[PDB]
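Written below as structure tokens is the structure these notes are about.
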Amino acid sequence: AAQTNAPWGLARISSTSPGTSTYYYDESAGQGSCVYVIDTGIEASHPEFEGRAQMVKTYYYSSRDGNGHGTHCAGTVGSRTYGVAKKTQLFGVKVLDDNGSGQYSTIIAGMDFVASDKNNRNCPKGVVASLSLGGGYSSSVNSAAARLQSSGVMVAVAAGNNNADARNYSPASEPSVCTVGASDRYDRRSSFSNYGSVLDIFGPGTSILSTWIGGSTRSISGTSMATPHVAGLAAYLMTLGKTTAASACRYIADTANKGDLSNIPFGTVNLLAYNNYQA
């Protein structure tokens, strides 16, 4: 399948070269997989989600995304125009309030929630969790992401937008999950992107056009925007039978576009998420 005039990030994950504008993907498109977007929530009523997104859990007075960040992330995972996995199921876990802030303890509980909630969902092709959040290092936030990973969910987390080593950020520094950096349309490490030996992969992260609350769209930047590119890619790959939750991060790294990004600090992987789809 081919989505013309796709967002550059979508065209990039399916391209060996930058500068193209067409998504290419297997039409299975993540049928039968599930991606939890652990964030500010999802505007499930957005027409771009086609009834494939729903709020399954909030820790605040409402489960609506009064922020947009979670709606933006969910849209990159699996919206129809904006999404990597256009047929995945999206589950929203609102651990971040509408200013985008959440206590670590709520974030931890949201990670334990998904690790059990997946047993209440129909995801025969596998489960992904997209964690476009993070803060300073926390062994308990790290261990919660490890538990979620260990439970059979791919966890993709943002490296962080500090332009530093992600070793000092959680859950970015948890080695067993998939720590995602950000790159821009010219295949430079997204200016803001964290780095370090803990990073597994890079996704498109600068000026990513996705869904926005109020039924709208907008373009924003962040390793929080690269993470749903990898979360969606994983759901896409699991549906195709190419990898499992336990090995998705790695498979994505094994099959990545290698040595194509610039301003990648020594010691950080030069891997760009690539769906390896041949039309």
Side-chain angles (χ1 to χ4, degrees), residues 1-15 18-31 33-55 64-93 100 128-133 156 158 180 182-185 190 202-237 239 252 272-275 277:
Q3 177 191 352
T4 57
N5 293 69
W8 80 260
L10 292 190
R12 187 71 195 88
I13 72 185
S14 59
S15 177
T20 63
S21 293
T22 309
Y23 200 110
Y24 306 107
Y25 61 78
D26 186 278
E27 67 186 358
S28 55
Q31 183 77 265
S33 68
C34 299
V35 184
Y36 285 81
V37 186
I38 306 183
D39 211 325
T40 65
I42 306 169
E43 184 174 284
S45 67
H46 200 305
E48 272 287 321
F49 295 124
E50 309 172 307
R52 282 182 293 97
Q54 81 262 49
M55 275 321 276
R64 284 175 58 251
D65 180 14
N67 179 278
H69 177 131
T71 285
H72 191 114
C73 290
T76 304
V77 178
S79 72
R80 65 198 180 181
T81 316
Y82 283 56
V84 170
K86 301 180 179 311
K87 297 292 99 177
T88 195
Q89 294 292 310
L90 301 155
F91 302 127
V93 179
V128 189
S130 197
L131 281 62
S132 298
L133 54 85
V180 179
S183 68
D184 69 357
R185 65 171 82 249
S190 279
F202 282 81
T206 298
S207 301
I208 302 299
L209 177 65
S210 188
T211 46
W212 192 256
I213 58 177
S216 71
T217 65
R218 74 175 56 176
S219 185
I220 52 172
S221 303
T223 62
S224 283
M225 308 312 109
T227 299
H229 279 92
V230 186
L233 180 54
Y236 164 90
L237 293 180
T239 284
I252 285 153
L272 183 66
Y274 172 51
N275 72 357
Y277 179 68

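The basis for the numbers below is simple: all heavy atoms, side chains too, and nothing from hydrogens, waters or symmetry mates. Counting begins at 1 with the first residue of the sequence.
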- Task: Using a 4.5 Å cut-off on heavy atoms from C-beta on, say whether the side chain of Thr206 contacts that of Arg185.
- Result: no
- Query: Who pairs with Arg80 by side chain to side chain donor-acceptor pair (under 3.5 Å), at least two apart in sequence or on another chain?
  - Reply: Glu48
- Query: Sub-3.5 Å donor-acceptor pair from the side chain of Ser221 to the main-chain atoms of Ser207, do we have one?
  - Reply: yes
- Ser216 (side chain) donor-acceptor with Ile213 (main chain) under 3.5 angstrom: yes
- Side-chain heavy atoms of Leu209 within contact of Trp8, under 4.5 Å: no
- Message: Determine whether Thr40 and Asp65 satisfy the following criterion, side chain to side chain donor-acceptor pair (under 3.5 Å), listing intermediate values before the conclusion.
- Response: CA-CA 5 Å; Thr40 65; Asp65 180 14; 2.5 Å; yes
- State, yes or no, whether a side-chain contact exists between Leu133 and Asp39 at a heavy-atom distance under 4.5 Å. no
- Query: Would you find a donor on one side and an acceptor on the other, under 3.5 Å apart, between the side chain of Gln3 and the backbone of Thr81?
  - Reply: yes
- Does any pair with a residue in residues 67-92 pass ring-ring contact (aromatic ring centres under 6.0 Å, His included), and if so which ones, sequence neighbours excluded? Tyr36-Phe91
- Message: With heavy-atom distances below 4.5 Å as the criterion, would you say the side chains of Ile220 and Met225 are in contact?
- Response: yes
- Query: Taking atom types as modelled and ignoring hydrogens, do the side chains of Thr211 and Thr71 form a donor-acceptor contact shorter than 3.5 angstrom?
  - Reply: no
- Task: May I ask you to decide if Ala158's main-chain N or O and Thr227's side chain share a donor-acceptor pair within less than 3.5 Å?
- Result: yes
- Task: Could you tell me whether a side-chain N or O of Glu43 sits under 3.5 Å from a main-chain N or O of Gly215, the two making a donor and an acceptor?
- Result: yes
